[PDB]
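*Asks:* First the structure, which I've put down as structure tokens, then a few questions once you've had a look.
What follows draws every value from the coordinates through simple rules; no lab data is involved. Cβ placement follows ideal geometry from the backbone for every residue including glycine, while neighbour counts extend to all protein chains displayed.
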Amino acid sequence: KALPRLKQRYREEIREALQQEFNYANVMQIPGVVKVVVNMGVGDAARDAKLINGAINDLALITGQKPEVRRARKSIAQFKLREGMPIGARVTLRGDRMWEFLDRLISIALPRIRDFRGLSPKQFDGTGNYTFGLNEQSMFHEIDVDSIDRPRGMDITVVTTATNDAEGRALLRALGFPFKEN
Amino acid sequence: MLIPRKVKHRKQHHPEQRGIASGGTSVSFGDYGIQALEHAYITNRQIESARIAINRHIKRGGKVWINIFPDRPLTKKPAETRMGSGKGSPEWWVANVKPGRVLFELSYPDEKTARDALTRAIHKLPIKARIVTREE
Amino acid sequence: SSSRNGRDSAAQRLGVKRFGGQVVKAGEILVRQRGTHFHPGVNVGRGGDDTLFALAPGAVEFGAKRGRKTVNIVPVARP
Amino acid sequence: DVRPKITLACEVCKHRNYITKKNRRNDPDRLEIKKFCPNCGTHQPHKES
Amino acid sequence: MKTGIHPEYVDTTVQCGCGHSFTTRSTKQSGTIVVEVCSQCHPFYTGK
RNA sequence: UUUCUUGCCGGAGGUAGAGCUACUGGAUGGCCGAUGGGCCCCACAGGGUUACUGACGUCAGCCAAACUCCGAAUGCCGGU
RNA sequence: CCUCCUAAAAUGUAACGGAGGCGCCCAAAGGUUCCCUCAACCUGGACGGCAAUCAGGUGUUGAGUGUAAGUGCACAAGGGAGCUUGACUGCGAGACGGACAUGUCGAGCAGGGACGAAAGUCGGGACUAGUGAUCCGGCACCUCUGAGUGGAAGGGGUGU
Ligand SMILES: [Mg+2]
Ligand SMILES: [Mg+2]
Ligand SMILES: [Mg+2]
Ligand SMILES: [Zn+2]
Ligand SMILES: [Zn+2]
């Protein structure tokens with residue numbers, strides 16, 4: 001009896017739109033969205049570890065799930081990094097949580113980018129995956145404007161069942177992403 | 001003066017002079033070559049001398065290949081020393097040469113000076129050698 | 001005029017002790033080895049230091065199993 | 001010494017049953033461990049002496 | 001969904017300066033978020 | 001007769017030999033050309049250039065007591 | 001004392017022959033149950049660059065195994081998590097190796113435990129170094145002895 005709006009807008013007509021656009025052999029061929037992954041690559045926590053607390057708090061407040069701390073898998077002095085210290089936080093969004101989250105992204109956070117000129121269509125993987133980084137965290141209304149001690153951006157990765165760039169871009173355009181044209 | 005960039009082991013047992021060659025027994029890059037008919041360690045100074053002799057007799061044209069590389073080290077003890085107290089220090093580089101091995105290779109327009117240069121090189125080697133050509 | 005070498009350990013007398021076809025009692029050491037160059041088969045156990053020993057009387061038989069060298073004990077019959 | 005020899009006694013009958021080694025810098029405290037004590041006939045807690 | 005280790009999630013409602021309202025969920029405990037510029041209110045999405 | 005010799009049968013090797021796009025190294029000549037040098041534009045963004053140094057790959061010919069995808073003859077253990 | 005080559009395809013084999021390591025460490029890096037698969041490269045990503053964290057793909061072993069080298073290990077002995085102390089007591093058929101003294105493996109039985117639904121595994125660590133005979137003496141415990149007798153001193157046994 002509960003159904004998120006983006007899930008509905010997908011199910012009712014993106015199915016038929018993509019089917020008539022690409023003439024698939026059958027229904028299961030139609031590309032869909034699997035998961036969206038949000039992480040803060042802190043890195044600079046090597047000097048001081050308390051940056052991770054702010055990072056995880058921001059991820060929790062923007063995603064509704066607490067993140068997990070990603071430790072260093074190698075030791076590198078050039079960055080002054082040893083085995084296993086808090087370096088980043090990840091959040092994996094699946095299901096209706098992912099659906100309403102990226103609805104919120106596509107409708108609220110992105111318009112609040114300062115001088116939003118668009119997202120490059122050429123940001124895709126070549127296997128149907130879209131990833132884009134972000135320079136600031138103040139766009140989400142769910143962070144108080146006085147909560148920012150310092151700026152901390154994110155990487156957002158969207159994983160789809162698209163075979164490659166064509167259908168990946170088509171699905172994301174149909175979803176309402178603000179792409180450019182060049 | 002050919003020396004390997006590095007070796008895994010600086011001190012090694014002597015190469016064995018048994019049998020006849022099984023690889024590199026035919027002329028492959030040039031038109032004529034020098035084939036060995038004896039067993040002998042061939043040092044890099046001998047190779048240098050033979051290469052210089054061929055180059056001098058051939059002058060401008062022609063190209064010369066050296067299919068033999070001295071990567072095997074030989075050691076000698078300091079002089080006036082009694083036996084014992086460890087192994088010597090490496091101060092020769094040789095390549096083990098069996099009969100049938102083709103050592104040098106020449107590609108030149110004219111047969112007479114080709115063979116003459118090859119003979120000049122042969123006279124600098126410590127082995128009995130002969131000149132061979134691609135045709136059977 | 002001295003060498004930094006010259007020191008060595010004792011030989012540990014490893015190797016196969018009972019070859020194929022020999023009759024062994026239970027608990028006899030069949031092969032002394034470092035790794036698992038041979039793996040235990042039927043009625044053959046593996047010691048702490050990787051020696052294979054018979055678990056039951058019979059006749060030693062070597063073999064292979066999925067590319068692994070194995071040692072087995074064949075249950076010799078009654079006289 | 002860093003890794004000295006410690007001796008563990010049963011908490012009940014106070015018999016010195018086992019001797020072992022531990023890193024004193026890593027473990028400045030006495031070692032609590034459950035070990036079999038023969039005369040007691042059962043597993044009793046042991047403490048470093 | 002683990003027991004209580006996550007920040008709480010509340011059904012919310014978003015209304016814009018364009019007068020258009022949503023129905024969604026977020027961590028905003030007040031249950032409603034007011035925004036100035038929305039999707040149909042941005043020049044890029046309007047084509048300007 | 002358990003010893004020994006001969007025939008047969010069952011065994012486990014890693015030497016001699018050989019092989020290397022089968023590993024770790026060494027190493028010859030090409031083809032291609034990253035990178036860098038310098039030249040060439042000169043902006044310092046924006047592009048074509050070069051005795052060259054020439055990665056990676058690839059075609060052919062090679063080497064090794066401490067190399068091995070391979071691998072004898074003898075010898076050794078057991079049965080008969 | 002341990003590892004490799006010399007060492008001549010069982011074992012063993014010398015030289016002031018060729019190369020290295022050890023006189024430790026871990027209360028978890030031990031026991032058990034359960035799950036997982038690296039390195040490298042390509043592509044895309046905010047600071048971020050060859051290389052930090054994230055995503056997709058190719059990738060059967062080239063990573064890693066506390067520490068040398070070799071033999072092993074991808075079925076994992078490599079990576080992760082929960083519980084835990086078997087890094088036990090009394091023993092031990094049968095073996096390897098050996099001048100001797102040393103040294104090494106061991107199924108299985110009983111007690112009392114850990115883990116596991118169970119089968120089962122557990123008498124330290126993937127394996128091989130990390131050590132010192134005897135005498136003399138110290139400490140703890142024992143239903144041993146006690147120089148006429150009761151004690152005691154001293155002496156024995158077991159662990160160290
Ligand atoms: Mg995809
Ligand atoms: Mg001559
Ligand atoms: Mg030393
Ligand atoms: Zn007790
Ligand atoms: Zn609006």
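*Asks:* Would you confirm whether any residue within region B:90-97 is under 30 Å from C:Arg4 (Cβ atoms), away from chain C (no Cβ under 14 Å) and either part of a loop (DSSP other than H, G, I, E, B) or free of Cβ contacts under 8 Å to residues at least 40 places away in the same chain (or both)?
*Replies:* Within region B:90-97 (the criterion being under 30 Å from C:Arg4 (Cβ atoms), away from chain C (no Cβ under 14 Å) and either part of a loop (DSSP other than H, G, I, E, B) or free of Cβ contacts under 8 Å to residues at least 40 places away in the same chain (or both)), the answer is yes, since at least one residue qualifies.
*Asks:* Any chance you could count how many residues in region B:81-106 are under 15 Å from B:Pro15 (Cβ atoms) and among the charged types (D, E, K, R)?
*Replies:* So the count comes out to 2.
*Asks:* Would you confirm, using the coordinates I've provided, whether A:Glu136 is under 27 Å from A:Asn53 (Cβ atoms), acidic (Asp, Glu) and within 12 Å of chain E (Cβ to nearest Cβ)?
*Replies:* For A:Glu136, the condition - under 27 Å from A:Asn53 (Cβ atoms), acidic (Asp, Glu) and within 12 Å of chain E (Cβ to nearest Cβ) - is not met.
*Asks:* Residue check: is A:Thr131 β-branched (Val, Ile, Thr), touching a residue at least 40 places away in the same chain (Cβ under 8 Å) and in contact with a strand residue (DSSP E or B) (Cβ under 8 Å, 6 or more places away or on another chain)?
*Replies:* Considered against the rule, which asks whether it is β-branched (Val, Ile, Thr), touching a residue at least 40 places away in the same chain (Cβ under 8 Å) and in contact with a strand residue (DSSP E or B) (Cβ under 8 Å, 6 or more places away or on another chain), A:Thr131 comes out as no.
*Asks:* Report the residue count in region B:98-116 for those that are charged (D, E, K, R), assigned to a loop (DSSP other than H, G, I, E, B) and in contact (Cβ under 8 Å) with a residue 40 or more places away in the chain. Steps first, answer last, please.
*Replies:* Our first condition is that a residue be charged (D, E, K, R); within region B:98-116, this holds for B:98, B:101, B:105, B:110-112, B:115-116.
If we keep only those that are assigned to a loop (DSSP other than H, G, I, E, B) too, we end up with B:98, B:101, B:110.
Add one more test, that the residue is in contact (Cβ under 8 Å) with a residue 40 or more places away in the chain, and what stays is B:98, B:101.
Qualifying residue count for the region: 2.
*Asks:* Something else now. Being near RNA strand F (Cβ under 10 Å from one of its atoms) and not β-branched (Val, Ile, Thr) is the filter here; which residues of region C:6-32 pass it?
*Replies:* C:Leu14, C:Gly15, C:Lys17, C:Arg18, C:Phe19, C:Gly20, C:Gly21, C:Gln22, listed by residue number.
*Asks:* Give region B:67-78 a look and list any residue that's of a type in the set (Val, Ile, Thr) and touching a residue at least 60 places away in the same chain (Cβ under 8 Å), or say none.
*Replies:* At the first step, the residues of region B:67-78 found to be of a type in the set (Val, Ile, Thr) are B:68, B:75.
Residue satisfying the conditions is B:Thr75 alone.
*Asks:* Out of (1) more than 14 Å from chain E (Cβ to nearest Cβ); (2) farther than 25 Å from E:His6 by Cβ, what's the single condition that is false for A:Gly118?
*Replies:* Failed condition: (1).
*Asks:* Related question: A:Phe124: farther than 30 Å from E:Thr3 by Cα and either within 16 Å of ligand 2 (Cβ to nearest atom) or of a type in the set (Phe, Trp, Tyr) (or both), yes or no?
*Replies:* For A:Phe124, the condition - farther than 30 Å from E:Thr3 by Cα and either within 16 Å of ligand 2 (Cβ to nearest atom) or of a type in the set (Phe, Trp, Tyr) (or both) - is met.
*Asks:* Read through the list (1) in a helix (DSSP H, G or I); (2) touching an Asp or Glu at 6+ places or on another chain (Cβ under 6 Å); (3) of a type in the set (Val, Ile, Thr), then give the number of the only condition that B:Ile54 fails.
*Replies:* Condition (2) is where B:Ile54 drops out.
*Asks:* Okay, next question. List the strands (runs of 3 or more DSSP E) inside chain D, counting only whole elements, that have at least 1 residues being of a type in the set (A, V, I, L, M) and surrounded by 11 or more Cβ atoms within 10 Å (Cβ to Cβ). Explain how you work it out, then say what you get.
*Replies:* Values: elements: D:5-10, D:16-21, D:32-37, D:42-48.
Counting at least 1 such residues, we get D:5-10, D:32-37.
*Asks:* Which number in (1) aromatic (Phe, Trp, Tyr); (2) within 14 Å of chain E (Cβ to nearest Cβ); (3) surrounded by fewer than 16 Cβ atoms within 10 Å (Cβ to Cβ) marks the one condition that A:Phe177 misses?
*Replies:* In the conditions (1) aromatic (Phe, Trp, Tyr); (2) within 14 Å of chain E (Cβ to nearest Cβ); (3) surrounded by fewer than 16 Cβ atoms within 10 Å (Cβ to Cβ), A:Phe177 misses (3) alone.
*Asks:* If you go through region B:103-117 one residue at a time, how many are in contact with a helix residue (DSSP H, G or I) (Cβ under 7 Å, 6 or more places away or on another chain) and within 16 Å of ligand 2 (Cβ to nearest atom)?
*Replies:* Counting residues in region B:103-117 that are in contact with a helix residue (DSSP H, G or I) (Cβ under 7 Å, 6 or more places away or on another chain) and within 16 Å of ligand 2 (Cβ to nearest atom) gives 3.
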